[PDB]
Every structure is written in structure tokens, then in C-alpha cells.
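Trainee: If you scroll down you'll find the structure; I have some questions about it.
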Amino acid sequence: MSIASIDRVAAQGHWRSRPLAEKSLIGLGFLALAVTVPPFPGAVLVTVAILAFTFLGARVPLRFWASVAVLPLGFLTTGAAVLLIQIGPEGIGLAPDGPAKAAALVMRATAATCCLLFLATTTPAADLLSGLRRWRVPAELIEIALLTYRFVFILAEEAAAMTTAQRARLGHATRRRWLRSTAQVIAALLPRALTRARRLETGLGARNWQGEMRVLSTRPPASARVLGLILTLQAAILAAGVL
Amino acid sequence: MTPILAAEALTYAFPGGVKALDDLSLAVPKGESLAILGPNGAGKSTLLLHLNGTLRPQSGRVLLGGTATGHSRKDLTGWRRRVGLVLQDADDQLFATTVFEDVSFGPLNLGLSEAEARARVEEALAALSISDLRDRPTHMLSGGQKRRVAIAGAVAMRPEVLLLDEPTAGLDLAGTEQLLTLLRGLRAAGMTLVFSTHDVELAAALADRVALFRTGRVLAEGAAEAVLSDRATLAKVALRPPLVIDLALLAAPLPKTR
Amino acid sequence: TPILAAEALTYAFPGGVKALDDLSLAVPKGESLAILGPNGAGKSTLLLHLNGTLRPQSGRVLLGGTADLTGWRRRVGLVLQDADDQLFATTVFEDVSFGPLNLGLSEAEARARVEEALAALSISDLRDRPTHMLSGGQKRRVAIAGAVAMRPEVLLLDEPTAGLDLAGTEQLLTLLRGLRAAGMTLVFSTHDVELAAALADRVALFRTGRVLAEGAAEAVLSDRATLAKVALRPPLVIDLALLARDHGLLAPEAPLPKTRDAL
Amino acid sequence: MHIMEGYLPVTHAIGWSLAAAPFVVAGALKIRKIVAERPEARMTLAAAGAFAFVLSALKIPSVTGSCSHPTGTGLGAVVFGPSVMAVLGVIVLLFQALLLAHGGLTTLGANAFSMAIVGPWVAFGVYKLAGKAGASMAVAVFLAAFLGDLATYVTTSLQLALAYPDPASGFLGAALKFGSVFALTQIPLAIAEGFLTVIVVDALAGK
């Protein structure tokens, strides 16, 4: 399942120090394209672009991501197969031109997902959430979201532990047993959370405040240099993609 | 001279409940290492809670430096700035997506712009030898490390008095000893150390004077010299002495004749 | 001969942390094995591995001398440091009953294997305690009880004295030692090395990922030099008594005072 | 279960992210006033949030040989408010996309429509009416994550019909289809967690 793997990778390789400002362009930009770009010319050279960036630009050890990557591929194998198919008042058939409308779906998605994956392998969910500073989204919900990210790993930890304990004591023998149990880790996870909230509030009241949450970040300011350069590249691969 | 933090009574309990914090007016004298003591259910974790202002006792007043603060609201903000708390569970004062981002909470809702606050954080991170753990995320930190952070985030504000609560819980004697340094270093800089514990030998390693209590009142508050030692005095609470020397009938940090 | 062995282990977390790096280990029959080391060394990983909580990249364990395990977990139980993660259900009986019952143990056989469990552990009814209503200790005791209720050959548990007091430690220790007496093979991991000597007689030092030293409960705790590698010093007296012995006309060392006199 | 990345056309991604916007704003304007009213709200909410995500990252035995991760829709329903969920669902969905790599950013908002806005509002009506139908708290929760889980699998199937009509059968074309391809999959699920959330709401009352 979950997912401390990706999070810790996103905070240990070469490109996590270098500004949010532009990895959220390389990411969010090429993402925007793939969806927009007509595919065959387009998301093909986008893929190799973000892929370069992912493996060459920010060498990310995987290489191995596709363990991360694959989880998508089982979902669209069917989606693509839907388009392949079907229907009318006739039992029956393959579609006229299924295999293009399908292989145009694959290359668009995989592309956009490599954009995702790039973001999700090099930028830590935290950063991306502070970035919404600069657009609308009012301060509060950023604090909450920065805090939701926080409790997610101080509930993940108690959950792993709990599952582990049942799992001994033979959590696992029947199957119905397994469901039963897992409930006994979800039921027993709501109050632990709520309480973990209130000992947060008392703990922080140390400083002369409990709410608010102003913090100081140590990220750098992606000079308008790579700004220009990256932006041009993308706009290009557009133009060419829209050719 | 006049104590820096002295608490009256102080008094406290649960409502509809057993006792919480009888009337124990412990006085601390600026620039020492007091070590509240016992194995808890006594409520040292609760005592501290009144000495920052977290808890308003039903009766008790504690007076900081010379006179008494206006709790219930507003004042406490001041009290906190002076007096600091480091709880047992480091995950109760760290929200704190990274270390820097955490510590830096302090001086920011403490009263300071951006450049200086950064400066202040950078001071505290090195003050706990975590300047190389600056931008890595908290939940990716060993238990000890995150106390060091929740202490850092506290010493980032400059308190005179620093309360601690079990500051060696689940530390190996390595990480325990190299901690010791970092806060003996703090008292040496001038900071009043106050702390709950139950491994006795700690107070035999850091403390100037020792407090003792079961029930809720403190029953024994003198030097760790003739506390640590007077076993009978130990006796009333459940404990025993640090190893020291068994007999003085001849005629804490190891010395020896032999 | 080994009841629980381990091949050059190899397990690492991301890309990869290599918390455990080719460490072979062995556990004899009715013992007290202390996997001694630094904290955050992920001994816990080794333990989880031992109880089939984890499969490594390359992994060998062993049963009666040989490589579905609901036999495995059966033979060998587990108690993770923090108790509350381990105590599910509402009252004491449930937690204990649940384990043997989790087992096909019919009302009437769980009836009588929660028998020793509570006894041997020394909880005393009442009974209760329930899901929660105390401090921490008693909880450790109940969880430990829960492990034992299940035909265990080997007990895996970490820090059997973390956060606990000296009196608490002493009592638990007494029970554990007695449990040794029932022929149980205990395996504990620990910061406090007083705790090692206070229970172990085989001790395996744990560095990086690797058991650089093992097997003389005393030896390891008297080879001061070895201890420094993992940044640990020997137990008090023994360290003294090493020192004391150097100056001391010294042959044997005794925790109760052995001091010379006069006159 | 989630629409993966860029599996929606920009007309529709934005298409749905504008049909979610009115409901995200709704909740976030009362989250606004809750935090204004009681500042620790930042903590009960964030904890509410970090529960659902962790909930749904867990695994559950499917009616069939499948092994699906539940979907807090039903459980988060009886406990937290639906609307409150409007924003949170969105906040949970990021992490399921940022971390699990199972969501998507372009589709987030398309997703947010069915899992944060449709799934939940429906999960109450079942609940509260089964409540005013006289049925026991036992089932009124069961039907609530079940019918509620359906309301996603339906809404997500319909957004896939809309964005991918039928080459032949026009609109409803891809409908019944999608309604059938994800139909072997999630009705193991929508049943299992339907019970799961009964066991779960079981323990809650008792504690």
C-alpha cells in the first residue's frame, strides 16, 4: 500500500534542494501540454522530455519508479479496451478505429502521468502545498493541508504498528478474519487521531500560540533564468506538438 | 535572592475527581538544575503544565521572577515567552513539515521579521547539533533527534527557564550522554533547567538541587547532595540511590579512589 | 542445531537504505539473547523479519534446522515496544482470549491457555484491566501475556524496559527470567545494556546492519573495545571491575559489593 | 477507481473542476468560519483528513478474490459532515495522487466531484432516511457506504461516458459499458466496505 517510499525519495536525491518554483513548471507545464497537445506528434516527445528530466535531469534512482508507475497501467488496460469495443443493436463487434483511439489514450495518459510521477518523485507534497501561497488559496487551508500531510505520517505509523500486532496474534487466518481485523485498526484510528490533535494544541501553546502556523521555509528562489529557459522549451515542444 | 520561578500551593485536580496538583509551592532559584522526581502518577507531567500556564489551577498562583502573572488570557503569552516546555512525546510539539520549518515557528509567532527569525533558528539548530538536519522532514527522524528538535524549537525563543519532561525517555546511553552535554551547555549559558524524570541517575548527572514528591506535595527539595544520597528520604518514594559509594563509614559522574 | 537462524540478510528500504546488510545470526534453545546496539539501528527490522512480518531481498530463517507460516507465527510470537498498538479489544480477557481463539482454540481450550498466560506473567485478574485504564507497564505485561498464550517456542520483543521504571524493570525481569525457566527462547533488543547483563547470557552486537560480535554474554560485555564500535560502554561494575581489577588484586567481579577491606 | 492522470480531455478536466469549484468553495467558507470561530479547527479537520486517506490506503478483502483498498466515503459520512468533506475529499485526493500516484492532478476536481461531492451527499440521504425509515443504525450505515460507493462508480462511469460517448450507441453507450467493466470490480468492494463500515461504526459507539 503506503507510500512512505515515494515520500522519502522525494526528499533524498539530487533535485529536491533546487527551487519549487521551476520543478512545479517542468511538472505542471508538461502536464498541461500532454492533455492539450494532440498526441501522436506531441505527448511522444513530451514523454521523452519529462523522462529525460526525470532520469537525466534529476537522476532518480528508479529506474524503479515503474513500480510506482505501473499501478496506473491496470486501470487503463480496461479503459483502453472499452474504446476498443462496443456497442449497438448487434451482439457484437470491434469498433471501427479502436486501436488508434486507444493508443492515443495510452500515450496521452502515460505522458501526463510521467509529469505527475516527475512532480511526485522530486517535489515533496509539502512544498507543492506551500506554493499555493502565491495563488488564491487562503492561508488556513494551506495550514490544514500542511497539517493533514503531517498527521498522515503520524497515523500511518500507529496503523502499521496495529496491523502488525494483529498480524502477529494471527491477525490473518481466515479472510473474514482479516476484514474484521482491519476494521479494528480503522475504528481504532479515529479517536487516536482526534486526541493526537488536542495534544498538538496544548503542545504548541508553548509558543504563545496554538493556531496560525506561520513558518519559515528554506527553499531557494528559482532565478528567472531557468524560468525563461524552461518556459521556452515547453512552448516550443508545443508549437512543434501542434504542428 | 528572589527566585526566578516560584509556584504557590499550587493546587489542582480533575473536577469531579481525585487530586491533580495539591498545594506544592516549589521555588526555583535562577541558574540551576532542579530535578522533580518519582515514577509518575504523581503528576510531574502535570506540575510543569502549570509552570508554563497551560493549566490554570483551581488555586495556586505561580509568580515568575518576582510577582504573579495574569493568566486566563493574554498574560500567558508573556509567561510562555519566558518559560518553556518540552513534553514527553516529541510528536506533541512538532507539526513541522521539516525541522527548519518547525523551529522557525518559535521566533515567528514570537515577534520577529523574516531575516532575523531565520538567523535565530540557525542558532538553535547548531545549539543542538542538528544544523545538518535542517531541511529533512520530521517524521523521518529518530526519537532522540526529534526531542532535540522540539527543544531546539523552544530554545529558539530565548527563555530563561526551560522545563523538560522525561528528557531521556528511550535514549541509549550514547544519545543520552551526548544529550546531557547539550543542555549542561544550556545551563552553562545561563538557562534555568527544570525537569521531570524517573531514572534517578540523571538527576545525579545534571541536577543542582532535586525535588521529591509523591501524593502531590513536594516532600524533599535540597541539594542532590543529601537527597540523592539519603536513602531513607529516598525510601518514602519508590526508588534507590545511584551507585556512588556504598559506605562512608571508614574512620554521579564517575570518580573513584580505586 | 539452531531454532532460529538468519542467512546473510539483505534488506534495505528506499533505493535503498540498506538498514540490514548481509548479517547472519543464530539463536540457541531456551536462552536469553540480547541484540545489543545503538538506537534507530533497526534491530526491530531484524525482529520483524524473524517473525515473518517482513520478507527481505534475500532471506533465510529456519525452523528445526530448515528453511504458509501460520505455523511460523504460531511457534514464534511478537511484542512490539509500544503496548497500545498491540492491545485491541475492550477488557483483558479479550486480548488474551483473542490470541488463543484466533487460534482454533475452542472456548474451552482457550479457557485454559489463557490459564498460564495471566499466571506465568503474574498479572492477577481482576480482570480486567480492560482495553485501557492504567499507565504503561501493566500494559506491557498484558501484551507479553498475549504472546505466551500461543504455544510459543520463541519470543520476539523489543525494548522490554523502554519508558519503564527500575522497579517495573525489575519485576518484568523477574518474570522474564522465570519464563526462561519454562524453557522459553527469549529474544530482546535494548538500549540499556545494564538490561543485557540483567538478563542475557548471549549478546550479539549490532552495527550498521551487521552482527559484528556475538555469543559470550559476558565476553561481549567485557571486550570493552568491541563496545566502542557501536558507541556503547560495558555495564557499570563490570567496567569498574575491569578497572577495579586492573588496580585491584582482582579475580572475580560481583554486582553486590565485592570490595576489599582491611586492615 | 480514481480517474488516472490526463485520462480526461482538457475541456472536461477543467469542465469538472468548475462543477466542483462551487462546492469546494462552499465547504471552505465554513471551514473559514469554523477556524475563525474555533482556531483549533486546523487540527480536528487535518486529523479528520489524515484519517480518511490513511483509511483508504488500507486493504480489505473483496467479496471476490480481489483485495481492494476501501473508500472512506461511507465512514466519513456518518461521522464528519458531508460538506466539510467537500474540501477534505479534495485534500485527501491530492495525497492519493501525490503519494500513492493513484490519483491525478488534471482529473482531481473531476474526481473530487464523485468522491468528495457526489459519493458523500448521497451517503447521508441513505443514512438519514434509513434513519427515518426506522432501519437499525446497523444497516443505515451499511447501505450508506454501499449505495454511496455506487454513487462514485456511477458518477465516474458517467463522466467517462460524457467524455467518451459511444462510437455507436451515442451517449449511454460507454455508459452501461463502463457501468459493466468497473462493475465486476467495485461491487465486490461496495459490498465489503459496506460491512466494514458497520464493524467500524460498531466499535465507535462502544468507545
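In this analysis, Cβ positions are derived from the backbone assuming ideal geometry, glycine residues included, and neighbour counts consider all displayed protein chains. Just so it is clear, none of the values below were taken in a lab; they were calculated from the coordinates.
Trainee: Based on what the data block shows, is B:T168 closer than 26 Å to A:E157 by Cα, touching a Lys or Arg at 6+ places or on another chain (Cβ under 7 Å) and buried (at least 21 other Cβ atoms within 10 Å of the Cβ)?
Mentor: Answer is no for this residue.
Conditions (1) assigned to a loop (DSSP other than H, G, I, E, B); (2) more than 11 Å from chain A (Cβ to nearest Cβ); (3) farther than 30 Å from A:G27 by Cα, marked per residue:
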position	(1), (2), (3)
D:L105	yes, no, no
D:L108	yes, no, no
D:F146	no, yes, yes
D:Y153	no, yes, no
D:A161	no, no, no
D:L176	no, no, yes
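Trainee: Quick check: anything in segment D:104-116 among the β-branched types (V, I, T) and over 29 Å from A:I3 (Cβ atoms)?
Mentor: no
Trainee: Still on this structure, I have one more. I'd like to verify a number: residues in segment A:151-175 that are more than 7 Å from chain D (Cβ to nearest Cβ) and assigned to a helix (DSSP H, G or I), how many?
Mentor: Adding up the residues that qualify gives 14.
Trainee: Given the condition within 14 Å of chain C (Cβ to nearest Cβ) and within 28 Å of D:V10 (Cα to Cα), answer yes or no: does some residue in segment A:67-78 qualify?
Mentor: Yes: segment A:67-78 contains one or more residues that are within 14 Å of chain C (Cβ to nearest Cβ) and within 28 Å of D:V10 (Cα to Cα).
Trainee: From the residues in segment A:202-233 that are farther than 25 Å from A:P124 by Cα and part of a helix (DSSP H, G or I), which one is farthest from the other protein chains (Cβ to nearest Cβ)?
Mentor: A:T232
Trainee: Can you give me the number of residues within segment B:200-218 that are of a type in the set (D, E) and more than 14 Å from the chain's Cα centre (by Cα)?
Mentor: Within segment B:200-218, residues that are of a type in the set (D, E) and more than 14 Å from the chain's Cα centre (by Cα) number 1.
Trainee: Tell me yes or no: at least one residue of segment D:121-144 is polar (S, T, N, Q) and closer than 23 Å to A:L73 by Cβ.
Mentor: Looking for residues that are polar (S, T, N, Q) and closer than 23 Å to A:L73 by Cβ, one finds none in segment D:121-144, hence no.
Trainee: Among the candidates B:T67, B:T98, which residue alone is of a type in the set (V, I, T) and within 10 Å of chain A (Cβ to nearest Cβ)?
Mentor: B:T98
Trainee: Considering only residues of segment A:86-123 that are facing another protein chain (nearest Cβ under 7 Å) and over 25 Å from A:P41 (Cβ atoms), which is surrounded by the fewest Cβ atoms within 10 Å (Cβ to Cβ)?
Mentor: A:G88
Trainee: Give the residues of segment B:47-75 that are buried (at least 22 other Cβ atoms within 10 Å of the Cβ) and of a type in the set (V, I, T), sorted by residue number.
Mentor: B:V62
Trainee: In segment D:23-56, which residues are more than 18 Å from A:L147 (Cβ to Cβ), of a type in the set (G, A, S) and buried (at least 17 other Cβ atoms within 10 Å of the Cβ)?
Mentor: The answer is D:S56, and nothing else.
Trainee: Let me ask something else. Quick one: is C:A108 surrounded by fewer than 19 Cβ atoms within 10 Å (Cβ to Cβ), farther than 22 Å from C:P160 by Cβ, in contact with a helix residue (DSSP H, G or I) (Cβ under 7 Å, 6 or more places away or on another chain) and of a type in the set (G, A, S)?
Mentor: no
Trainee: So, in segment D:100-115, of the ones that are of a type in the set (A, V, I, L, M, F, W, C) and touching a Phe, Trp or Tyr at 6+ places or on another chain (Cβ under 6 Å), which residue ends up nearest to D:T71 (Cα to Cα)?
Mentor: D:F113
Trainee: Now, a different point. So, in segment D:71-87, how many residues would count as being more than 8 Å from chain A (Cβ to nearest Cβ) and more than 10 Å from the chain's Cα centre (by Cα)?
Mentor: Selection size over segment D:71-87: 6.
Trainee: What number of residues within segment D:1-29 are closer than 30 Å to D:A41 by Cα and part of a helix (DSSP H, G or I)?
Mentor: Going through segment D:1-29 one residue at a time, the tally reaches 10.
Trainee: Something else now. Among the residues in segment D:161-174, are any of a type outside the set (A, V, I, L, M, F, W, C) and within 27 Å of D:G65 (Cα to Cα)?
Mentor: No - not one qualifying residue is present in segment D:161-174.
Trainee: Can you tell me which residues in segment A:1-49 are in a loop (DSSP other than H, G, I, E, B), closer than 30 Å to B:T97 by Cα and either away from chain D (no Cβ under 11 Å) or among the hydroxyl-bearing types (S, T, Y) (or both)?
Mentor: A:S2, A:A11, A:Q12, A:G13, A:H14, A:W15, A:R16, A:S17, A:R18, A:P19
Trainee: Determine which single condition C:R224 fails, assuming it passes every other condition in (1) of a type outside the set (F, W, Y); (2) more than 12 Å from chain B (Cβ to nearest Cβ); (3) out of contact with any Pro (no Cβ under 7 Å at 6 or more places or on another chain).
Mentor: So C:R224 meets the others, but not (3).
Trainee: Is there any pair linking a residue in segment A:66-78 that is of a type in the set (S, T, Y) to one that is assigned to a helix (DSSP H, G or I), with Cβ under 8 Å and at least six apart or on different chains, and which?
Mentor: A:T78/D:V181
Trainee: Which one of these does A:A81 not meet: (1) under 21 Å from D:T156 (Cα atoms); (2) within 7 Å of another protein chain (Cβ to nearest Cβ); (3) over 14 Å from the mean Cα position of the chain (by Cα)?
Mentor: (2)
Trainee: Among the residues of segment D:20-45, write down those that are within 22 Å of the chain's Cα centre (by Cα) and more than 19 Å from A:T195 (Cβ to Cβ).
Mentor: Answer for segment D:20-45, where residues must be within 22 Å of the chain's Cα centre (by Cα) and more than 19 Å from A:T195 (Cβ to Cβ): D:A20, D:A21, D:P22, D:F23, D:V24, D:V25, D:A26, D:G27, D:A28, D:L29, D:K30, D:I31.
Trainee: Just a yes or no: is a residue in segment A:34-47 under 15 Å from the mean Cα position of the chain (by Cα) and within 16 Å of A:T121 (Cα to Cα)?
Mentor: No.
Trainee: State yes or no: is C:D85 touching a helix residue (DSSP H, G or I) at 6+ places or on another chain (Cβ under 6 Å), in a loop (DSSP other than H, G, I, E, B) and over 18 Å from A:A173 (Cβ atoms)?
Mentor: yes
Trainee: Scanning for something on the phi < 0 side of the Ramachandran plot, in a helix (DSSP H, G or I) and within 19 Å of the chain's Cα centre (by Cα), does segment A:58-65 turn up at least one residue?
Mentor: No: zero hits.
Trainee: Also: Filter segment A:135-146 down to the residues that are farther than 18 Å from A:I3 by Cβ and at the interface with chain D (Cβ under 8 Å from one of its Cβ atoms), then identify the one that is surrounded by the fewest Cβ atoms within 10 Å (Cβ to Cβ).
Mentor: Among those residues, the one meeting the criterion is A:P138.
Trainee: If we keep just the residues of segment A:177-197 that are surrounded by fewer than 17 Cβ atoms within 10 Å (Cβ to Cβ) and facing chain D (nearest Cβ under 7 Å), which is farthest from C:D68 (Cα to Cα)?
Mentor: A:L194
Trainee: Is it the case that D:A52 is among the hydrophobic types (A, V, I, L, M, F, W, C) and more than 10 Å from chain A (Cβ to nearest Cβ)?
Mentor: no
Trainee: Turning to a different aspect of this structure: Looking at (1) within 14 Å of chain B (Cβ to nearest Cβ); (2) surrounded by fewer than 16 Cβ atoms within 10 Å (Cβ to Cβ); (3) within 18 Å of the chain's Cα centre (by Cα), which is the one condition that is false for C:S44?
Mentor: (2)
Trainee: So how many residues does segment D:1-55 have that are small (G, A, S), out of contact with any helix residue (DSSP H, G or I) (no Cβ under 6 Å at 6 or more places or on another chain) and under 30 Å from A:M162 (Cβ atoms)?
Mentor: Selection size over segment D:1-55: 1.
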